[PDB]
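Chemist: This is the structure, below, for whatever I ask next.
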There are 2 protein chains.
Amino acid sequence: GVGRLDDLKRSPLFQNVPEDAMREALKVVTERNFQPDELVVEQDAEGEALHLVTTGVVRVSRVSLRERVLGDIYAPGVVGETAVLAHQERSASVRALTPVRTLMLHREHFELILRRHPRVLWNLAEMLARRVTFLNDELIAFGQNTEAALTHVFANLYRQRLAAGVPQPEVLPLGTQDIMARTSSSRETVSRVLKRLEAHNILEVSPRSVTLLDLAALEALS
Amino acid sequence: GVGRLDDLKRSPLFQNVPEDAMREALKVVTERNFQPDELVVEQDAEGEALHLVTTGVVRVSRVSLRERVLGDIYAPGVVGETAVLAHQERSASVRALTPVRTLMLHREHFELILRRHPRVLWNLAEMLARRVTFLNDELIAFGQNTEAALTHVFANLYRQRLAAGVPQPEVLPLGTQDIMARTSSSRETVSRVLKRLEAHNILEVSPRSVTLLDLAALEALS
């Protein structure tokens, strides 16, 4: 369906923002639907437009001229927001993992809303600050060892799944290939680490998922 | 000396901000000076206070309960700004590399300035967005290979030194240990990569520095 105020009320960008800001945004958004495996993009506004992710899950990646997956975004979420502020542009790919409904906002309109409604800008700054903190944590983890890398990835994906209210959040939809692409770790080291965690009753490894049994034990074991 | 309007005019946080915003800030900052190797911190406001770095260079690190150096910040710069927005707190260390003069601002005062003067908040959001882009680039580089890691570190540190207007910006003040701490790479791989770059006339390696001879060749060779 067309954009509703409900969509914006639930968006991290519009938390505790005045109703008139949300209604101004609604006049300039366009509903866009994507099926599993389709790229989230607006033709003729590649790398520019913002998408409020209202349902579903998307995967964000950067592919070399080999894909490194940066992470997933569960509804309610946002993609393309780091561009209205950083004029810097890079070959990012956003692919729907499930059916996904978005509200597309062009850069010029998002800029106007930010300038006119400081509470929306405050929400964006908070989101960006959390992303910086997260990425510093990620760099620390990945620079340590595969064990630290997996703990970082699993604990944070679990928290995202809890926040999204999805069924079976503890059943992380990652296979060995997914883990390697998300962490840049070898099959040998990923396998070794997963077997030791399964041996300590911290998790259960299936071909298409990792089931977290004891989060506290995973995070403690560091 | 006590805070001057000159300090704020040059700060990334106050670019194109109205004069009255800067004068409001000046009423609530405190000059703090640090000598080489001293920790930049305000006693009783550990992890809270913001510091505008007006002269010198600081190094930012996270030390485990082993130090991973996140990077350096050249004046005019800022430290502690990702906290007024992310209530998340972590054991970061900021150490002066040279003599450093700062203007300290308490969190509550920085929050007030941000709420009252949206242009300062816009500057912060831009800074954070650039940091996210940079950290994504860093994760991509470090996940590839030591060669990509060194190119990322060297090109970006050179740009920082150019921006800071320091003498001999091409003479990067990094030894092998510094490079290992900044990238989490082994001595063997760092040594191998540096010798091949020196062999291609891309740089010159000294015990306490790496002199960049051909930036374009370093970045091209990827």
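Ligands are numbered from 1 in the order shown, chains are lettered A, B, ... in the order of the structure tokens, and residues start at 1 in each chain.
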After a least-squares superposition on chain B using every in-order C-alpha pair, I'd like chain A written out as a short mmCIF file (atom, residue, chain, number, x, y, z; two decimals) with C-alpha atoms, in the first residue's frame.
Modeler:
data_model
loop_
_atom_site.label_atom_id
_atom_site.label_comp_id
_atom_site.auth_asym_id
_atom_site.auth_seq_id
_atom_site.Cartn_x
_atom_site.Cartn_y
_atom_site.Cartn_z
CA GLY A 1 45.36 30.61 26.03
CA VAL A 2 41.65 30.67 26.92
CA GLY A 3 39.23 29.70 24.14
CA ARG A 4 39.01 32.19 21.27
CA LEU A 5 36.48 32.49 18.51
CA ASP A 6 39.40 31.61 16.15
CA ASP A 7 39.52 28.10 17.63
CA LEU A 8 35.85 27.49 16.94
CA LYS A 9 35.88 29.08 13.48
CA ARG A 10 38.49 26.47 12.49
CA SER A 11 36.73 23.53 14.17
CA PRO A 12 34.93 21.07 11.90
CA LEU A 13 32.00 21.23 14.39
CA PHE A 14 31.54 24.97 13.78
CA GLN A 15 31.98 25.43 10.01
CA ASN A 16 29.47 27.96 8.60
CA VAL A 17 27.67 28.15 11.97
CA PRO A 18 26.23 31.48 13.13
CA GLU A 19 28.52 33.63 15.24
CA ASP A 20 26.11 33.51 18.25
CA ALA A 21 26.36 29.69 18.39
CA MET A 22 30.13 29.97 18.60
CA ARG A 23 29.94 32.62 21.34
CA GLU A 24 27.52 30.46 23.35
CA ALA A 25 30.04 27.61 23.11
CA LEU A 26 32.91 29.84 24.22
CA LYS A 27 31.16 30.58 27.55
CA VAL A 28 31.24 26.87 28.46
CA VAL A 29 34.65 25.59 27.22
CA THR A 30 37.79 25.17 29.32
CA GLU A 31 41.33 25.24 27.95
CA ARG A 32 43.30 22.05 28.70
CA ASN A 33 46.91 21.45 27.60
CA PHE A 34 48.66 18.14 27.18
CA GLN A 35 52.29 17.25 26.66
CA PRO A 36 53.49 14.42 24.43
CA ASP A 37 52.35 10.97 25.67
CA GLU A 38 49.80 12.36 28.15
CA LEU A 39 46.22 11.05 28.09
CA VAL A 40 43.55 13.52 26.87
CA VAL A 41 40.88 13.21 29.57
CA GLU A 42 39.03 15.42 32.07
CA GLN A 43 39.22 14.10 35.64
CA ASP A 44 35.67 13.22 36.87
CA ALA A 45 34.24 13.34 33.29
CA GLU A 46 35.95 10.21 31.94
CA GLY A 47 34.23 9.03 28.75
CA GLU A 48 31.79 11.96 28.83
CA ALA A 49 33.48 15.27 27.94
CA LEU A 50 34.22 16.44 24.40
CA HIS A 51 37.60 17.93 23.41
CA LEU A 52 38.14 20.24 20.46
CA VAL A 53 41.73 19.51 19.36
CA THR A 54 43.08 22.97 18.44
CA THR A 55 46.79 22.15 18.00
CA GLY A 56 48.84 19.02 17.67
CA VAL A 57 48.01 15.42 17.05
CA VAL A 58 46.34 12.76 19.16
CA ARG A 59 46.16 8.96 18.83
CA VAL A 60 42.95 7.09 19.54
CA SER A 61 43.08 3.49 20.78
CA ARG A 62 41.08 0.79 22.51
CA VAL A 63 43.08 -1.39 24.92
CA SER A 64 41.85 -4.86 25.90
CA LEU A 65 41.54 -5.91 29.56
CA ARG A 66 46.80 -5.22 23.97
CA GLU A 67 46.24 -1.93 22.09
CA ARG A 68 44.50 -1.62 18.77
CA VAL A 69 45.07 1.89 17.48
CA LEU A 70 41.98 3.20 15.72
CA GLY A 71 43.76 6.18 14.24
CA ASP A 72 45.14 9.64 14.73
CA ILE A 73 43.39 13.00 14.78
CA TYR A 74 45.19 16.13 13.55
CA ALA A 75 44.15 19.62 14.66
CA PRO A 76 41.66 21.12 13.99
CA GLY A 77 39.73 18.08 15.17
CA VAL A 78 37.44 16.61 17.77
CA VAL A 79 37.34 13.66 20.19
CA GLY A 80 34.44 12.39 22.33
CA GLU A 81 31.70 13.55 19.97
CA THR A 82 30.21 10.07 19.20
CA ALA A 83 28.94 9.99 22.89
CA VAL A 84 26.39 12.80 23.06
CA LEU A 85 24.47 10.70 20.46
CA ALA A 86 25.39 7.12 21.30
CA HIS A 87 24.86 6.67 25.06
CA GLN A 88 26.99 3.55 24.47
CA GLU A 89 30.32 3.71 26.31
CA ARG A 90 33.62 1.91 25.69
CA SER A 91 37.20 1.94 26.99
CA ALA A 92 38.80 4.35 24.48
CA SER A 93 42.13 6.05 25.13
CA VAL A 94 43.20 9.35 23.53
CA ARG A 95 46.92 10.18 23.91
CA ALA A 96 48.76 13.30 22.82
CA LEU A 97 51.50 12.54 20.24
CA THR A 98 52.78 16.15 20.28
CA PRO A 99 52.01 19.09 22.53
CA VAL A 100 48.21 19.54 22.26
CA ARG A 101 45.88 22.34 23.22
CA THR A 102 42.22 21.50 23.60
CA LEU A 103 38.95 23.19 24.51
CA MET A 104 36.96 20.85 26.75
CA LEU A 105 33.12 20.93 26.57
CA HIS A 106 30.94 18.89 28.99
CA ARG A 107 28.34 16.59 27.49
CA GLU A 108 25.35 18.54 28.86
CA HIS A 109 26.62 21.76 27.30
CA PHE A 110 27.35 20.15 23.93
CA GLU A 111 23.81 18.70 23.94
CA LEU A 112 22.37 22.18 24.55
CA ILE A 113 24.36 23.70 21.68
CA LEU A 114 23.24 20.91 19.34
CA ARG A 115 19.55 21.36 20.28
CA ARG A 116 19.72 25.16 19.97
CA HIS A 117 21.84 25.39 16.81
CA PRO A 118 20.88 22.89 14.07
CA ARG A 119 23.85 23.91 11.86
CA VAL A 120 26.27 22.52 14.48
CA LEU A 121 24.19 19.30 14.56
CA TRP A 122 24.35 19.11 10.76
CA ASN A 123 28.16 19.40 10.96
CA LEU A 124 28.25 16.55 13.47
CA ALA A 125 26.02 14.33 11.29
CA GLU A 126 28.31 14.93 8.29
CA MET A 127 31.40 14.06 10.34
CA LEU A 128 29.73 10.84 11.58
CA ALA A 129 28.59 9.90 8.03
CA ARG A 130 32.15 10.33 6.75
CA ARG A 131 33.41 8.18 9.64
CA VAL A 132 30.93 5.41 8.73
CA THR A 133 32.05 5.51 5.11
CA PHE A 134 35.70 5.41 6.20
CA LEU A 135 35.17 2.47 8.60
CA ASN A 136 33.32 0.48 5.90
CA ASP A 137 36.30 1.15 3.58
CA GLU A 138 38.64 0.03 6.39
CA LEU A 139 36.72 -3.22 6.99
CA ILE A 140 36.77 -3.96 3.23
CA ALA A 141 40.52 -3.28 3.02
CA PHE A 142 41.52 -5.21 6.14
CA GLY A 143 39.40 -8.20 5.12
CA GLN A 144 41.16 -8.39 1.73
CA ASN A 145 44.93 -8.63 2.41
CA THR A 146 47.84 -6.77 4.03
CA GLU A 147 48.53 -5.02 0.74
CA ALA A 148 45.01 -3.54 0.68
CA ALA A 149 45.28 -2.75 4.40
CA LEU A 150 48.51 -0.76 3.96
CA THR A 151 47.23 1.14 0.95
CA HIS A 152 44.15 2.15 2.96
CA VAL A 153 46.17 3.25 5.98
CA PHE A 154 48.89 5.10 4.04
CA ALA A 155 46.63 6.93 1.54
CA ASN A 156 44.27 8.11 4.26
CA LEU A 157 47.02 9.18 6.71
CA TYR A 158 48.69 11.13 3.88
CA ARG A 159 45.39 12.93 3.16
CA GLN A 160 45.00 13.77 6.85
CA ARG A 161 48.54 15.20 6.93
CA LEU A 162 47.86 17.25 3.77
CA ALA A 163 44.64 18.57 5.34
CA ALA A 164 46.47 19.44 8.59
CA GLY A 165 49.09 21.49 6.72
CA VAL A 166 51.93 19.80 8.57
CA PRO A 167 55.47 19.84 7.14
CA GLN A 168 56.56 16.80 5.04
CA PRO A 169 53.08 15.22 4.87
CA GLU A 170 54.44 12.43 2.63
CA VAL A 171 56.74 11.30 5.51
CA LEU A 172 54.30 9.12 7.42
CA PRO A 173 55.45 8.74 11.07
CA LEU A 174 54.84 4.98 11.29
CA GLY A 175 57.32 2.21 12.13
CA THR A 176 56.66 -1.53 11.67
CA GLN A 177 55.16 -1.80 15.18
CA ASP A 178 52.83 1.14 14.48
CA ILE A 179 51.64 -0.48 11.26
CA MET A 180 51.02 -3.80 13.02
CA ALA A 181 49.04 -2.09 15.81
CA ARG A 182 46.97 -0.06 13.34
CA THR A 183 46.14 -3.03 11.08
CA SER A 184 46.44 -6.15 13.24
CA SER A 185 48.85 -7.63 10.65
CA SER A 186 51.89 -9.82 11.39
CA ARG A 187 55.46 -8.61 11.19
CA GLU A 188 56.16 -11.14 8.45
CA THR A 189 53.33 -9.96 6.16
CA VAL A 190 53.93 -6.22 6.88
CA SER A 191 57.64 -6.68 6.08
CA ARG A 192 56.91 -8.59 2.87
CA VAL A 193 54.43 -5.97 1.65
CA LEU A 194 56.67 -2.96 2.50
CA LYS A 195 59.68 -4.51 0.69
CA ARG A 196 57.61 -5.11 -2.47
CA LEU A 197 56.32 -1.48 -2.37
CA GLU A 198 59.84 -0.18 -1.85
CA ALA A 199 60.96 -2.41 -4.77
CA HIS A 200 58.31 -0.78 -7.01
CA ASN A 201 59.49 2.73 -6.03
CA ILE A 202 56.12 3.45 -4.37
CA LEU A 203 57.64 4.27 -0.98
CA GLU A 204 60.81 4.40 1.17
CA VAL A 205 60.89 2.57 4.49
CA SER A 206 62.89 3.90 7.46
CA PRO A 207 62.75 2.57 11.02
CA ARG A 208 60.41 5.37 12.18
CA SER A 209 58.70 6.38 8.94
CA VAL A 210 57.34 5.44 5.57
CA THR A 211 57.88 8.07 2.87
CA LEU A 212 55.28 8.01 0.15
CA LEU A 213 56.85 8.63 -3.27
CA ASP A 214 53.91 7.80 -5.55
CA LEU A 215 50.35 7.93 -4.10
CA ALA A 216 48.69 7.27 -7.45
CA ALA A 217 50.82 4.14 -7.95
CA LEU A 218 50.00 2.91 -4.41
CA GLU A 219 46.25 3.35 -4.95
CA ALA A 220 46.35 2.10 -8.54
CA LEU A 221 48.21 -1.08 -7.54
CA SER A 222 45.06 -2.82 -6.27
#
Chemist: Considering only helix (DSSP H, G or I) as DSSP defines it on the backbone, what residues of range 23-199 of chain B qualify? List them as a VMD selection string.
Modeler: chain B and resid 23 to 27 81 to 83 107 to 116 118 to 144 146 to 164 176 to 183 187 to 199
Chemist: For the structure I just gave you, how does DSSP split chain B - specifically, which residues are strand (DSSP E or B)? Reply as number ranges by chain.
Modeler: B: 29-34, 39, 50-53, 57-63, 67-74, 77-79, 92-96, 100-105, 171-172, 203-206, 209-212
Chemist: Take the residues from that selection and write them out as an mmCIF file, in the first residue's frame, keeping C-alpha atoms.
Modeler:
data_model
loop_
_atom_site.group_PDB
_atom_site.id
_atom_site.type_symbol
_atom_site.label_atom_id
_atom_site.label_comp_id
_atom_site.auth_asym_id
_atom_site.auth_seq_id
_atom_site.Cartn_x
_atom_site.Cartn_y
_atom_site.Cartn_z
ATOM 1 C CA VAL B 29 34.647 25.587 27.221
ATOM 2 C CA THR B 30 37.785 25.171 29.319
ATOM 3 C CA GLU B 31 41.329 25.242 27.954
ATOM 4 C CA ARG B 32 43.298 22.051 28.698
ATOM 5 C CA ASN B 33 46.909 21.452 27.602
ATOM 6 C CA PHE B 34 48.657 18.135 27.183
ATOM 7 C CA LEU B 39 46.222 11.051 28.090
ATOM 8 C CA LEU B 50 34.222 16.439 24.403
ATOM 9 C CA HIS B 51 37.602 17.934 23.405
ATOM 10 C CA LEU B 52 38.141 20.236 20.459
ATOM 11 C CA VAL B 53 41.732 19.512 19.359
ATOM 12 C CA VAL B 57 48.008 15.415 17.047
ATOM 13 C CA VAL B 58 46.336 12.756 19.157
ATOM 14 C CA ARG B 59 46.162 8.958 18.830
ATOM 15 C CA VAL B 60 42.947 7.090 19.538
ATOM 16 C CA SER B 61 43.081 3.493 20.782
ATOM 17 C CA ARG B 62 41.080 0.786 22.514
ATOM 18 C CA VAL B 63 43.082 -1.393 24.921
ATOM 19 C CA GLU B 67 46.242 -1.928 22.094
ATOM 20 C CA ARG B 68 44.499 -1.616 18.773
ATOM 21 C CA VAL B 69 45.071 1.889 17.476
ATOM 22 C CA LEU B 70 41.980 3.196 15.719
ATOM 23 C CA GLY B 71 43.761 6.178 14.238
ATOM 24 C CA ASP B 72 45.137 9.643 14.727
ATOM 25 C CA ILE B 73 43.386 13.001 14.783
ATOM 26 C CA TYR B 74 45.189 16.125 13.555
ATOM 27 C CA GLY B 77 39.735 18.084 15.173
ATOM 28 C CA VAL B 78 37.438 16.612 17.773
ATOM 29 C CA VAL B 79 37.340 13.657 20.193
ATOM 30 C CA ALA B 92 38.800 4.349 24.480
ATOM 31 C CA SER B 93 42.131 6.046 25.126
ATOM 32 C CA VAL B 94 43.202 9.351 23.531
ATOM 33 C CA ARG B 95 46.920 10.178 23.905
ATOM 34 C CA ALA B 96 48.758 13.301 22.818
ATOM 35 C CA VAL B 100 48.213 19.536 22.255
ATOM 36 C CA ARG B 101 45.881 22.344 23.219
ATOM 37 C CA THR B 102 42.216 21.499 23.603
ATOM 38 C CA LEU B 103 38.954 23.188 24.507
ATOM 39 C CA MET B 104 36.958 20.853 26.747
ATOM 40 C CA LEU B 105 33.117 20.930 26.572
ATOM 41 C CA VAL B 171 56.738 11.303 5.513
ATOM 42 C CA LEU B 172 54.297 9.115 7.416
ATOM 43 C CA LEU B 203 57.645 4.272 -0.981
ATOM 44 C CA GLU B 204 60.808 4.398 1.173
ATOM 45 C CA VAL B 205 60.891 2.568 4.494
ATOM 46 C CA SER B 206 62.894 3.898 7.458
ATOM 47 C CA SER B 209 58.699 6.380 8.940
ATOM 48 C CA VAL B 210 57.340 5.440 5.567
ATOM 49 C CA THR B 211 57.884 8.075 2.872
ATOM 50 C CA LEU B 212 55.279 8.005 0.147
#
